[PDB]
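Novice: Sharing a structure, written as structure tokens. Questions coming.
Here the Cβ positions follow ideal geometry from the backbone for every residue, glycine too, while neighbour counts run over all protein chains shown. Each answer follows from the model by the rule given with it, or from the source it names; nothing here is a laboratory result.
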Amino acid sequence: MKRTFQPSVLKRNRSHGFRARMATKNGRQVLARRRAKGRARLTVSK
Amino acid sequence: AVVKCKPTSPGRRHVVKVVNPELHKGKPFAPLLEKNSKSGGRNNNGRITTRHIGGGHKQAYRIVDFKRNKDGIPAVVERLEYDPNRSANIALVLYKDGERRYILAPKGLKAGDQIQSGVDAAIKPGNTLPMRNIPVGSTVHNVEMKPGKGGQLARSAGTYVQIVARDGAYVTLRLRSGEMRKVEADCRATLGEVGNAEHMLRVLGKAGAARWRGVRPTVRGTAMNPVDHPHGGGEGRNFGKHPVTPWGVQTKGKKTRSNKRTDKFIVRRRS
Amino acid sequence: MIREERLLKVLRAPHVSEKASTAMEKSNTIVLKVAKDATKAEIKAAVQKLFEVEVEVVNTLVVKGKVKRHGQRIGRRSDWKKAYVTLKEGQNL
RNA sequence: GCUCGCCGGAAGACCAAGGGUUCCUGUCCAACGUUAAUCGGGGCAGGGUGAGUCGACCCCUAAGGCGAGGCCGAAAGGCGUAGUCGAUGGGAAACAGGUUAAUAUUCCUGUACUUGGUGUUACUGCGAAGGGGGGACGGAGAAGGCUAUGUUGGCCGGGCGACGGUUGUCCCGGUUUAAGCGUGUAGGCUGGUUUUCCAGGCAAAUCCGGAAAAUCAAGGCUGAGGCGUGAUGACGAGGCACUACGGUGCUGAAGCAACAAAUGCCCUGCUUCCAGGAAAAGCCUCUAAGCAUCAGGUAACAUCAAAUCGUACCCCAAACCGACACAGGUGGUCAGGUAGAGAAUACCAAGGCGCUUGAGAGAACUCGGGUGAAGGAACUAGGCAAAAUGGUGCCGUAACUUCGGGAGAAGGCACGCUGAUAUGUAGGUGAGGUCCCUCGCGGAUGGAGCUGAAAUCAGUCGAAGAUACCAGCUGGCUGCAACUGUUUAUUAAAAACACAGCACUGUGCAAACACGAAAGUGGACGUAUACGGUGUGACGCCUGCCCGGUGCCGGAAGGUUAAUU
RNA sequence: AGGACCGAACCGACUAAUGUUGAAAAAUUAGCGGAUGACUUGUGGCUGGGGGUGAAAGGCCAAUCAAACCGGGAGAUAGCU
Ligand SMILES: NCC[C@H](O)C(=O)N[C@@H]1C[C@H](N)[C@@H](O[C@H]2O[C@H](CN)CC[C@H]2N)[C@H](O)[C@H]1O[C@H]1O[C@H](CO)[C@@H](O)[C@H](N)[C@H]1O
Ligand SMILES: NCC[C@H](O)C(=O)N[C@@H]1C[C@H](N)[C@@H](O[C@H]2O[C@H](CN)CC[C@H]2N)[C@H](O)[C@H]1O[C@H]1O[C@H](CO)[C@@H](O)[C@H](N)[C@H]1O
Ligand SMILES: [Mg+2]
Ligand SMILES: [Mg+2]
Ligand SMILES: [Mg+2]
Ligand SMILES: [Mg+2]
Ligand SMILES: [Mg+2]
Ligand SMILES: [Mg+2]
Ligand SMILES: [Mg+2]
Ligand SMILES: [Mg+2]
Ligand SMILES: [Mg+2]
Ligand SMILES: [Mg+2]
Ligand SMILES: [Mg+2]
Ligand SMILES: [Mg+2]
Ligand SMILES: [Mg+2]
Ligand SMILES: [Mg+2]
Ligand SMILES: [Mg+2]
Ligand SMILES: [Mg+2]
Ligand SMILES: [Mg+2]
Ligand SMILES: [Mg+2]
Ligand SMILES: [Mg+2]
Ligand SMILES: [Mg+2]
Ligand SMILES: [Mg+2]
Ligand SMILES: [Mg+2]
Ligand SMILES: [Mg+2]
Ligand SMILES: [Mg+2]
Ligand SMILES: [Mg+2]
Ligand SMILES: [Mg+2]
Ligand SMILES: [Mg+2]
Ligand SMILES: [Mg+2]
Ligand SMILES: [Mg+2]
Ligand SMILES: [Mg+2]
Ligand SMILES: [Mg+2]
Ligand SMILES: [Mg+2]
Ligand SMILES: [Mg+2]
Ligand SMILES: [Mg+2]
Ligand SMILES: [Mg+2]
Ligand SMILES: [Mg+2]
Ligand SMILES: [Mg+2]
Ligand SMILES: [Mg+2]
Ligand SMILES: [Mg+2]
Ligand SMILES: [Mg+2]
Ligand SMILES: [Mg+2]
Ligand SMILES: [Mg+2]
Ligand SMILES: [Mg+2]
Ligand SMILES: [Mg+2]
Ligand SMILES: [Mg+2]
Ligand SMILES: [Mg+2]
Ligand SMILES: [Mg+2]
Ligand SMILES: [Mg+2]
Ligand SMILES: [Mg+2]
Ligand SMILES: [Mg+2]
Ligand SMILES: [Mg+2]
Ligand SMILES: [Mg+2]
Ligand SMILES: [Mg+2]
Ligand SMILES: [Mg+2]
Ligand SMILES: [Mg+2]
Ligand SMILES: [Mg+2]
Ligand SMILES: [Mg+2]
Ligand SMILES: [Mg+2]
Ligand SMILES: [Mg+2]
Ligand SMILES: [Mg+2]
Ligand SMILES: [Mg+2]
Ligand SMILES: [Mg+2]
């Protein structure tokens, strides 16, 4: 039974990483929202 | 020749192949080769804009000479070669100065034949001349529409254009479609038809043979749902509609051409 | 030429363990905790200048710090660099 | 610790992905572990990952992304040129032995190789953002030559057996050695050398392409394996002694041949086919500007340098994805013996395990199996399930057919072991020896030794010889779909979809059409023997009548008719 | 030669039984189909919600699909319980 989550660090970083978020104007809005909320982890980068 | 395959399997029973013993059996001329990757019918937005395209064999692009601009220099047909990118075969030709090129092989062309281009060239197959210098009533191919742009008409296997008339700066041509068109008399054309007229006599015989050529299956609109096609729906086999394309335009007889820019060059439509 | 200030910052301490003792007693290799950003050239220069011994070769590894628990809270110890410095058969550091 | 059982193309070993300290040692047993726990992948503390050569980084690019200017768009933004990123692909170099509780192609020992910088010698036309070559490429099939590997023999060390025999044609074990360096073989490809000239290669070119002669008839490129050296070495049985009995010090004999043999190598080869099978750099070469008694290039030598990051451990799994120590899922590499076609199957090797509650009893009933008198589908919606068939060789085989099929039709016969033919045959391999030569990794003769079917005859045992595992049930009529394929992940695999074929239809290329406020893009680097839409659905014989309705196509006189005025 | 035949790996999923607070939110066991191709698989990429993709089942688009999920309009509205 293959499950929906198949980890891959390269794909993780390329889809949800810090630079991926900063590439677009809506990702920077995601980053601003998380900074305003006070998240201890901004992105999946680490 | 045209060969029928013996029915040793259901996929071989109905296969008819066109086999040319005179086609080159080695690799193509490397300097004249380019890469062309597949698209799947998808444009720069990533969407499918043409349907039923995808897969097939990997192919290299052979840079074929459609302009035929080396005027006055004779060339000898080094050989004939298979081109995966067109229904016609190509001919590798060598010029007297040591330049090799690819042209469309016309009917009757063979290794060792001599070809030339320009106003002073002889009226024989494979020779390129302005249609102002080609006699009227001649059968030409690879016809230019704009002087210097390169041949665009009658480029498929077995196709040709007939020079019907000539009126000042223009020549009327009968096209394979049955259309009469006006083209500047200064446009170029090659003499003779395009070889490989047996290309239309081949039968693929199986679905995999169509898949080898990059064609994907065609689902009929009647077999879809109303949300998928205007033809979809029904409890059983129902149609009750005027046939239409997947986007709602009538598809049996309704005319779609609209070009007032080039309407002036159409002497008569194909019918 | 690496400066003396850099050489003085490079080396952090000696490493004391059974493996380090065996290395010293069998191959003339001293094991040192060095700075994380210390290179083999910097370690060689620092050891020669400050320990007044001749060095044959330097091998380095980065040791990653362990995840530990203190009162049911989770912390991590820092990574550190370990250098195996081989001396020239008569130095006795 | 000794027995027993299980896996052994795995339930063994090594990795990538993913995880992240789960690794090793000491210590503890609260909680966790479906039970106890002294044990643990649990708690705590300490330790452990060593590289010029392995990988990343790095140079080069694919799909694709981003993209100075630019084009487009209410704004946000979209697209895209020059560029720049982007592996899953191309690009230099290390092997064997030893070693830790835990790392090793990284440490040690021995023996190597690569790239670059400097300095000294000599010889010298060097030079790119340009030219050429090369890198560089498919499927299938066939065979030869090899090797990894195995088997047997020889050799060496040990043994003489708890119960009849075992000094022998007896038993057990071992019989191993790398890269590198030298040679250049089976095989594959290609005619060499010189001269003259030239509308081609964004200009030049001595380079590539082309034209014309002369001359030599063997030159060159590639290439597994073998051989020598590496190696007077390392390893090596067991022995001579220790052990804190987990493990250690010293010695060390033989260390060969024949046969069989890969799916690995020659082989990016060869043959053939059509569906016609990446790119760029590294690399070789040619020059331009330029420099030109300098730079730069080539060879030799000496010296320096090769940074940084990963490296523990699990990795078909108790450590990854599944909430679990979960009968699920998960890419690559290795591939022993007997039997076997086999990577199936049975039993074993090396190696690893007995699956974290047990002990009893021996009710109904449930689950998974074995056997069954007489009957034999009478069961049931239905032969569901089960039972049955099953291998090889040979004989034999119907309607129908699109001539291929149907067909493994159906049906039947033989099958173990022993001896002989022949103390091992036909065939395969093939030493020494002999002889010759364009003397070598050579040719001819020869057959020793090894290996070794299948057949016939005779005998022989059992109820049974394809003895286990493994391994088609067969035939007749009929509907549907021509066929192989696809489909409702998780109640429907079908007669549904697709399909080759057929027809109608649009489209003359700035194509129709589709995605896009647009720019652009696909169609297509295609051009009517092409492309799009629609319907039908191999093939055979065919496809009748109706244009009144609805649509489409053509017409353009007349009637009506918008903005406009 | 072949969308050829028999049959492992590999891909699938026709039958039955078990299980159905399961070992498992789709499996196990015994049989079953394809197995050189319209095959299968790793790595990376692209297509985005009235949108995609679909050999077409309204199938699939993160255990969710006749219009995904997340946040907001929002305390929608509810002659109904
Ligand atoms: N010092 C030790 C003993 C000594 O060497 C010895 O006994 N040699 C015999 C010789 C005796 N002649 C051999 O017979 C065989 O070939 C004979 C043919 N020469 C025929 C019979 C056959 N059994 C016997 O096989 C052979 O056995 C030995 O060597 C064998 C070779 O590998 C090994 O397999 C075996 N393990 C080993 O005992
Ligand atoms: N493998 C067994 C499978 C099975 O038993 C089988 O199909 N058997 C066929 C039967 C089929 N009916 C037989 O025709 C033969 O007699 C026919 C009698 N009229 C005529 C044609 C002739 N070929 C066929 O010779 C025979 O082929 C078999 O035996 C051959 C010869 O040893 C083998 O080459 C072949 N590998 C093998 O299949
Ligand atoms: Mg998370
Ligand atoms: Mg189409
Ligand atoms: Mg069709
Ligand atoms: Mg259709
Ligand atoms: Mg459609
Ligand atoms: Mg339907
Ligand atoms: Mg509709
Ligand atoms: Mg009906
Ligand atoms: Mg070292
Ligand atoms: Mg390191
Ligand atoms: Mg024991
Ligand atoms: Mg821990
Ligand atoms: Mg442990
Ligand atoms: Mg407990
Ligand atoms: Mg622990
Ligand atoms: Mg800009
Ligand atoms: Mg862009
Ligand atoms: Mg780019
Ligand atoms: Mg780059
Ligand atoms: Mg890579
Ligand atoms: Mg280990
Ligand atoms: Mg061998
Ligand atoms: Mg194979
Ligand atoms: Mg390891
Ligand atoms: Mg358990
Ligand atoms: Mg498990
Ligand atoms: Mg698997
Ligand atoms: Mg097995
Ligand atoms: Mg248990
Ligand atoms: Mg019982
Ligand atoms: Mg019972
Ligand atoms: Mg009972
Ligand atoms: Mg029972
Ligand atoms: Mg029973
Ligand atoms: Mg029974
Ligand atoms: Mg009975
Ligand atoms: Mg009976
Ligand atoms: Mg009966
Ligand atoms: Mg009955
Ligand atoms: Mg009854
Ligand atoms: Mg049954
Ligand atoms: Mg009926
Ligand atoms: Mg069917
Ligand atoms: Mg039919
Ligand atoms: Mg029919
Ligand atoms: Mg499926
Ligand atoms: Mg279903
Ligand atoms: Mg367009
Ligand atoms: Mg047409
Ligand atoms: Mg269509
Ligand atoms: Mg139909
Ligand atoms: Mg009709
Ligand atoms: Mg097949
Ligand atoms: Mg079949
Ligand atoms: Mg099969
Ligand atoms: Mg089903
Ligand atoms: Mg099964
Ligand atoms: Mg429906
Ligand atoms: Mg789902
Ligand atoms: Mg809606
Ligand atoms: Mg409101
Ligand atoms: Mg409410």
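Novice: Can you name every residue in region C:9-37 that is within 13 Å of the chain's Cα centre (by Cα) and over 13 Å from C:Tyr84 (Cβ atoms)?
Specialist: C:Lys9, C:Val10, C:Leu11, C:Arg12, C:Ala13, C:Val16, C:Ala35, C:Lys36, C:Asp37
Yes/no matrix, rows are residues, columns are (1) among the aromatic types (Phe, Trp, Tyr); (2) within 16 Å of ligand 9 (Cβ to nearest atom); (3) within 14 Å of chain A (Cβ to nearest Cβ); (4) more than 30 Å from B:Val119 (Cα to Cα):
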{"residue": "B:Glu235", "(1), (2), (3), (4)": "no, no, no, yes"}
{"residue": "B:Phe239", "(1), (2), (3), (4)": "yes, yes, no, yes"}
{"residue": "B:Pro243", "(1), (2), (3), (4)": "no, yes, no, yes"}
{"residue": "B:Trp247", "(1), (2), (3), (4)": "yes, yes, no, yes"}
{"residue": "B:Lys264", "(1), (2), (3), (4)": "no, no, no, no"}
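Results for (1) in a helix (DSSP H, G or I); (2) exposed (fewer than 12 other Cβ atoms within 10 Å of the Cβ); (3) more than 14 Å from every other protein chain (Cβ to nearest Cβ); (4) at positive phi, shown as yes or no for each residue.
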site	(1), (2), (3), (4)
C:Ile2	no, no, yes, no
C:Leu8	yes, yes, yes, no
C:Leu32	no, no, yes, no
C:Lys44	yes, no, yes, no
C:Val53	no, no, yes, no
C:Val57	no, no, yes, no
C:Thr60	no, no, yes, no
C:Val85	no, no, yes, no
C:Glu89	no, yes, yes, yes
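Novice: With respect to B:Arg68, determine if the residue is in the same structural domain as B:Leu32 (by CATH), in contact with a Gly (Cβ under 8 Å, 6 or more places away or on another chain) and crowded, with 20+ Cβ neighbours inside 10 Å. Spell out how you get there, then give the answer.
Specialist: Details: in the same structural domain as B:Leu32 (by CATH): yes; in contact with a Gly (Cβ under 8 Å, 6 or more places away or on another chain): yes; crowded, with 20+ Cβ neighbours inside 10 Å: yes.
Against the criterion (in the same structural domain as B:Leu32 (by CATH), in contact with a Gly (Cβ under 8 Å, 6 or more places away or on another chain) and crowded, with 20+ Cβ neighbours inside 10 Å), B:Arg68 qualifies.
Novice: Next up: Hey, can you tell me all the residues within region B:88-109 that are surrounded by fewer than 13 Cβ atoms within 10 Å (Cβ to Cβ) and either in contact (Cβ under 8 Å) with a residue 60 or more places away in the chain or within 14 Å of chain A (Cβ to nearest Cβ) (or both)?
Specialist: Scanning region B:88-109 gives a single hit, B:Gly108.
Novice: Which members of region B:217-240 meet the condition of being in contact with a helix residue (DSSP H, G or I) (Cβ under 9 Å, 6 or more places away or on another chain) and of a type in the set (D, E, K, R)?
Specialist: Residues satisfying the conditions are B:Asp228, B:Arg237.
Novice: Please determine, by comparing only the residues of region B:221-237 that are closer than 17 Å to B:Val249 by Cβ and away from ligand 10 (no atom under 16 Å from the Cβ), which one is nearest to the chain's Cα centre (by Cα).
Specialist: B:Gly221
Novice: Continuing with the same structure: Determine whether B:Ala91 is under 17 Å from B:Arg213 (Cβ atoms) and in contact with a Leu (Cβ under 7 Å, 6 or more places away or on another chain). I'd like the intermediate steps shown before the answer.
Specialist: On the way: under 17 Å from B:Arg213 (Cβ atoms): no; in contact with a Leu (Cβ under 7 Å, 6 or more places away or on another chain): yes.
Criteria not met by B:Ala91.
Novice: Then there is this: What pairs come up if the first residue lies in region B:201-228 and is more than 14 Å from every other protein chain (Cβ to nearest Cβ) and within 13 Å of B:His52 (Cβ to Cβ), the second is assigned to a loop (DSSP other than H, G, I, E, B) and of a type in the set (A, V, I, L, M, F, W, C), and their beta carbons are under 9 Å apart, counting only those six or more places apart or on different chains?
Specialist: So the pair list comes out as B:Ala210/B:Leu204; B:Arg213/B:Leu204.
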